[PDB]
Amino acid sequence: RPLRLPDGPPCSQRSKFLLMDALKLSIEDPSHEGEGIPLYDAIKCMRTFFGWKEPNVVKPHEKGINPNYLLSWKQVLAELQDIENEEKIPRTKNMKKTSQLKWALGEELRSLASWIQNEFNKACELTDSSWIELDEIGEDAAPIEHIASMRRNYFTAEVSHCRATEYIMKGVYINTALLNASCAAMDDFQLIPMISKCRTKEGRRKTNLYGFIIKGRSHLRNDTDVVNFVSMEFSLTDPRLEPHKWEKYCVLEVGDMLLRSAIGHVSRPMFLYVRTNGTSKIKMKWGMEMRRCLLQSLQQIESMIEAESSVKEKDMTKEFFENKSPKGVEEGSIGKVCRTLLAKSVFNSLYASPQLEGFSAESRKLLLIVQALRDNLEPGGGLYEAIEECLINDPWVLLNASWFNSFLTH
Ligand SMILES: Brc1ccc(-n2ccnc2)cc1
């Protein structure tokens, strides 16, 4: 019996920021007066682009007030232009409490769509830049012993450029910024750049800007209290190709970008994905800890190394990572295994949910029960309701259920 996945319209994107669809404006080896202040970096990133144009709505939010999102992007550009004219460029920027920002800050079965599997595939790929330092992984108070060091270095080599790692660091930055603004600017509609930092294959430090968020009032007395925000994210993805994915968004067209491509220079429109969203103290605390995804992935790898190593009465770390009884690597290479474990862990973070919790526990139970049956038989009901009670509309849970059905047919 495969699981019954629900029927209904396709599921929609529900992450706090864009994943495979993000777009970066970047400055290499930055060295401007006041480098390392997000607002300064963001302005310098904005001014690397010359394709801006009069924005318009190209995919409206069917339940929101689309004029207000348009006005909010134009307000960002206007107020950033103001900062540019003040002699001393300030450190933070508190937006005027306009009607459009007041409205936007707040002052059902879905079927599995193909996009979430593509997101996951994109998360496993390598990028052309590194997102962590060599000793990023680990909190150890003492120097780690020799084998632990060797394993960390092999693993880091495999995942440092991974796209899932860019999501970790992106996620860590924006949650840190938003949590700190939530407490330092409680009453302000603070403009918060979405920034990440990486290093090129040639070693050039780069600062990247994905877009902006604007927080609402945030007198967060509890971990579960919510700060609303509006997010505004560049993308080269035309939302008209997969409209169902962008149900929660109003999408503007804001410029045109000249691109290197397999056909040479091409001009492509630049979009801006706009939605209203919210988070809480406790979720922002969790987002600041996303580097733990790296430790948890590493630890799953080390389990496998220790199992093979107990079988051989010998450490198998070199033999494992260099792919020297096992006669192959199902994913194709040791690197893809590491990055797949990572991508799984990061997507558990990015798409956390009660649905994911129930499915994770109740499917482990059904797994072990089906395992003991396949092993102890030839080919020839209640727990099933527990799992499928989590199969409602969440893309990550549905994708994992899809995967579970594949582990059944095999
Ligand atoms: Br910084 C910056 C860069 C561009 C714009 N802008 C305004 C209109 N189009 C682009 C505003 C601020």
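The numbering shown runs from 1 along each chain in the order of its written sequence and may not match that of the entry; residues for which no coordinates exist are omitted. As a rule here, side-chain values cover all heavy atoms of the structure and leave hydrogens and water aside. Residues with missing side-chain atoms are left out of burial classes, side-chain pairs and their counts.

Structure determination for this PDB entry is given in the record as X-ray crystallography, at a resolution of 2.6500 Å.

With the PDB entry as reference, the protein is termed Polymerase acidic protein, source organism Influenza A virus. The header of this PDB entry states its title as "Crystal structure of polymerase acid protein (PA) from Influenza A virus, WILSON-SMITH/1933 (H1N1) bound to follow on fragment EBSI-4720 1-(4-bromophenyl)-1H-imidazole". UniProt, in its Sequence similarities section for the protein, records the words "Belongs to the influenza viruses PA family." UniProt positions are given in the numbering used here, feature names are shortened, and annotations may be inferred rather than shown by experiment.

**Let's talk about a nonpolar patch on the surface**
A surface patch of nonpolar side chains, about 300 Å² in accessible area, is lined by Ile369, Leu373 and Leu377. Runs of E in the DSSP output that reach at least two residues are strands. Runs of H or I that reach at least four are helices, and both are numbered from the N terminus. The topology assignment puts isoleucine 369 in helix α11 (residues 354-375). Residues qualify for a patch when their relative accessible area is over 30% and they have no salt bridge, like charges being joined within 9 Å and the nonpolar side chains of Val, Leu, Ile, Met, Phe, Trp and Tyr within 5 Å. For the area figures, the Shrake-Rupley method with a 1.4 Å probe applies, and any residue is considered shielded solely by the protein chains shown. Take a side-chain nitrogen of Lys or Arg and a carboxyl oxygen of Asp or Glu: if they are within 4 Å of each other, that pair is a salt bridge.

**Things to note about helix α10 (residues 334-350)**
The end-to-end C-alpha distance of α10, which contains 17 residues, comes to 24 Å, matching closely the 24 Å that a straight helix rising 1.5 Å per residue would cover. By the criterion applied in these results, polar contacts are pairs of N or O atoms within 3.5 Å in which, for protein atoms, one can donate a hydrogen and the other can accept it, and in which residues neighboring in sequence qualify only through two side-chain atoms. For α10, the capping residue at the N-terminal end is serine 333, with a side-chain oxygen 3.3 Å from the backbone nitrogen of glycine 335. An expected span of 1.5 Å times one less than the residue number is assigned to each helix.

**Considerations on the domain arrangement of the protein**
For the domains described, the bounds stem from an automatic or database domain assignment. Splitting the protein by domain gives domain 1 (16-106 + 173-287) and domain 2 (107-172 + 288-410). Look at where the C-alpha atoms of domain 1 and domain 2 centre, and you get two points 30 Å apart. We call two residues contacting when some pair of their heavy atoms lies within 4.5 Å. Each side of the interface is counted separately: domain 1 has 36 residues, and domain 2 has 26 residues. Elements with a contribution of two residues or more to the side of domain 1 that touches domain 2: α6 (163-184), β5 (189-200), β6 (205-215) and α7 (281-288). The dominant element in the side of domain 1 that touches domain 2, judged by the number of residues it contributes, is β5, at 7 residues. Grouping the constituent residues of the side of domain 1 that touches domain 2 by class yields 15 nonpolar, 9 polar and 12 charged. Basically, the charged four are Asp, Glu, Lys and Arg, the nonpolar ten are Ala, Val, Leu, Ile, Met, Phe, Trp, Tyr, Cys and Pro, and anything else, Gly included, counts as polar.

**Considerations on the nonpolar core**
Among buried residues, those of type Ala, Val, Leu, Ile, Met, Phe, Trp, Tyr and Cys that are joined through side-chain atoms within 4.5 Å constitute a nonpolar core. For each residue, the accessible area found with a 1.4 Å probe, counting protein chains only, is set against the maximum for its type, and the residue is called buried under 20%, exposed over 50%, and partly exposed in between. One finds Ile301, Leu342, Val346, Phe347 and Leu350 to be the most contacted residues of the largest nonpolar core, which totals 66 residues. Once residues within four sequence positions are removed from consideration, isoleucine 301 is found in contact with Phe155, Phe320, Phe321, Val337, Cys338 and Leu341. Ranked by size, the runner-up nonpolar core spans 35 residues in total, among them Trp73, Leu80, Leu191 and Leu272.

**A word on the packing of aromatic side chains**
When the centres of two rings from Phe, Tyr and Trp lie within 6.5 Å, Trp using its six-membered ring, the rings pair. Their planes under 30 degrees apart give stacked, over 60 give edge-to-face, and anything left gives tilted. Taken as a whole and judged by the stated rule, the model has 17 aromatic pairs. Ring geometry for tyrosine 69 and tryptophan 103: centres 5.4 Å apart, planes at 75°, overall edge-to-face. Linking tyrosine 69 in helix α2 (residues 66-85) with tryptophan 103 in helix α3 (residues 99-104), this pair joins segments that are 34 residues apart in sequence. Centroid distance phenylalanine 347 to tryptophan 396: 5.2 Å. Interplanar angle 65°. Geometry classified as edge-to-face. Side by side, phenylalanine 347 and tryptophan 396 carry an identical accessibility label, which is buried. Here a set of aromatic residues connected by ring pairs shows up, and it is made of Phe120, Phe347, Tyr351, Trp396 and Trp403.

**So, the layout of surface pockets**
Put plainly, a pocket is an open set of points on a 1 Å grid over the protein atoms alone with protein on both sides within 12 Å along at least five of seven lines, a cavity is a set where a 1.4 Å probe fits but cannot get out, and a lining residue has an atom within 4 Å of a point. Grid points are joined across faces, edges and corners, and a volume is the space filled by probe spheres set on the points. The computed volume of the largest pocket comes to approximately 820 Å³. Lining the largest pocket are 26 residues, and of these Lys283, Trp286, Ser349, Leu350 and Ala352 sit closest to its centre. Among the elements of the structure, α6, α7, α8 (292-311) and α10 are those that each provide at least two residues to the lining of the largest pocket. Across the lining of the largest pocket, the residue classes break down as 12 nonpolar, 8 polar and 6 charged.

**Side note on the packing of α6 against α10**
Any two packed helices are characterised by the angle at which their axes cross and by the distance between the axes. Running from N to C, α6 and α10 cross one another at 35°; their axes reach a closest spacing of 9 Å. For α6 against α10, the interelement crossing comes out left-handed. Between α6 and α10, the contacting residues are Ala164, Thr165, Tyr167 and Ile168 on the first element and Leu342, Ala343, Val346, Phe347 and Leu350 on the second. Partitioning the contact of α6 with α10 into residue classes produces 8 nonpolar, 1 polar and no charged. Axes, fitted as lines to C-alpha atoms, cover a helix only where it is in contact. Angles between the N-to-C directions of the axes lie from 0 to 180 degrees. Note on convention: near helix rotated counterclockwise from far helix by under a right angle means a left-handed crossing. Clockwise means right-handed.

**Here we look at the side chain of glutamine 355**
Along the polypeptide, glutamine 355 turns up in helix α11. Discounting residues that sit within four places of it in the chain, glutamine 355 has contacts with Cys390, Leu391, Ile392, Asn393, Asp394 and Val397.

**A word on unusual backbone geometry**
A positive phi is found at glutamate 313, a non-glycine position, where the angle reads about 50°. Look at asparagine 323: it is not a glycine, yet its phi comes out positive at around 55°. Residue placement: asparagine 323 occurs in the loop between α9 (317-321) and α10. A relative accessible area of 42% means that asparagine 323 is categorised as partly exposed.

**Topic: the pattern of salt bridges**
By the definition in use, this model includes 25 salt bridges. The shortest N-O distance in the salt bridge between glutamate 388 and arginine 1 comes to 2.9 Å. Given the relative accessible area of 59%, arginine 1 is considered exposed. The salt bridge partner of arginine 47 is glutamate 84, with a shortest N-O separation of 2.8 Å. Of this pair, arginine 47 sits in the loop between α1 (38-46) and β2 (52-59) while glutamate 84 sits in helix α2, and the two are 37 residues apart along the sequence. Taken together, the shared-partner salt bridges connect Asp21, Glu119 and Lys245 into one network.

**Considering the state of the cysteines**
To count as a disulfide, a pair of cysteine sulfur atoms needs to be within 2.5 Å. The full count for this structure, using the stated rule, is 0 disulfides. In this structure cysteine 11 is not part of a disulfide, and its nearest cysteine sulfur, from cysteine 390, lies 16 Å away. Note on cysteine 338: no disulfide assigned, nearest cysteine sulfur contributed by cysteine 162 at a separation of 9.8 Å. Judged by relative accessible area, which is 0%, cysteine 338 ranks as buried.

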